[PDB]
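Written below as structure tokens is the structure these notes are about.
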Amino acid sequence: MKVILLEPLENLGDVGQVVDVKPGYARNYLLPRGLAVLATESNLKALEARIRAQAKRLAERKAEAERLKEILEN
RNA sequence: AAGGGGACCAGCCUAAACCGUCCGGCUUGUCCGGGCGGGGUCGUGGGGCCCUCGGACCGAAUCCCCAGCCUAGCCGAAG
Ligand SMILES: [Mg+2]
Ligand SMILES: [Mg+2]
Ligand SMILES: [Mg+2]
Ligand SMILES: [Mg+2]
Ligand SMILES: [Mg+2]
Ligand SMILES: [Mg+2]
Ligand SMILES: [Mg+2]
Ligand SMILES: [Mg+2]
Ligand SMILES: [Mg+2]
Ligand SMILES: [Mg+2]
Ligand SMILES: [Mg+2]
């Protein structure tokens, strides 16, 4: 069963990553302890749109700060 | 059972794509979810979206009215 990790877990996976686990592990351990969520089609959109938004708010630093390396250095 | 002969006869509404709005979750937006409205309903496949040209008839199974009918009756030939 596929889940989306909310936290990095040793010898499991990294935060925001999709991993395969047995249904019982997800249902009786990971999910109740807030450590993951089901890789449902709803959640995969929400994860996507966060990975997307972080890359957006990153590039617009490396560009409006890059605009500063234009004024300075000249 | 098909098929044939007859009785009767009638076909519709949604879900999803997409659009709009309200509400709330936190994991902050191009988010996810819930409600309502729009859109849509099909097998010659149909629908959505985007271009392109083109602009009255239908009509309920709902509602209103009225014939008709039912729940009492009446007239009715000639020793
Ligand atoms: Mg027949
Ligand atoms: Mg008959
Ligand atoms: Mg018929
Ligand atoms: Mg809100
Ligand atoms: Mg939804
Ligand atoms: Mg929504
Ligand atoms: Mg909605
Ligand atoms: Mg088609
Ligand atoms: Mg009808
Ligand atoms: Mg009499
Ligand atoms: Mg008499």
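Every chain is numbered from 1, with letters handed out A, B, ... down the list of sequences. Reckoned from all heavy atoms, side chains included, excluding hydrogens, waters and symmetry mates.
Atom-to-atom, CZ of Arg57(A) to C1' of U27(B) comes out at 14 Å; the value is rounded to the nearest Å. Atoms CZ (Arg50(A)) and P (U30(B)) sit 9 Å apart, rounded to a whole Å. Distance, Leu5(A) CG to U27(B) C1': 15 Å, rounded to whole Å. Rounding to whole angstrom units, CD1 of residue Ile51(A) and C1' of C32(B) are separated by 15 Å. Across the protein-nucleic acid pair, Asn43(A) atom CG and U27(B) atom P stand 13 Å apart, rounded to whole Å.
Figure legend. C70(B) is base-paired to no nucleotide; pairs are counted as Watson-Crick or G-U wobble with both atom distances under 3.5 Å. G24(B) and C32(B) make up a base pair, with Watson-Crick or G-U wobble contacts both under 3.5 Å. Pair assignment for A77(B) gives none, since no Watson-Crick or G-U wobble pairing has each distance under 3.5 Å. Across all strands shown, nothing is found opposite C51(B) as a Watson-Crick or G-U wobble partner with both distances under 3.5 Å.
By the 4.5 Å heavy-atom criterion applied to side chains, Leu35(A) and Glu7(A) are counted as neighbours.
Rounded to a whole angstrom, the distance from the P atom of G38(B) to that of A16(B) is 13 Å. Here, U28(B) and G33(B) have their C1' atoms 15 Å apart, quoted to the whole Å.
The side chain of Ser42(A) places an N or O atom within less than 4.0 Å of a non-bridging phosphate oxygen (OP1 or OP2) of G33(B).
For the pair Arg50(A) (side chain) and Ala46(A) (backbone), a donor-acceptor distance under 3.5 Å is absent. Distance alone, capped at 3.5 Å, places no donor-acceptor pair between the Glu48(A) side chain and the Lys45(A) backbone.
Judged by the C1'-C2'-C3'-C4' torsion, which is negative here, the sugar of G29(B) sits on the south, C2'-endo side. The pentose of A72(B) is categorized as north (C3'-endo side) on the basis of a positive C1'-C2'-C3'-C4' torsion. Evaluation of the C1'-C2'-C3'-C4' torsion of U30(B) gives a negative value and hence a south sugar.
Of the listed residues (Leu38(A), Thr40(A), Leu44(A)), just one forms a side-chain contact (heavy atoms from CB on, under 4.5 Å) with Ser42(A), and that residue is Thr40(A).
Across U30(B), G29(B), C32(B), the shortest atom-to-atom separation from the side chain of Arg52(A) is found for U30(B).
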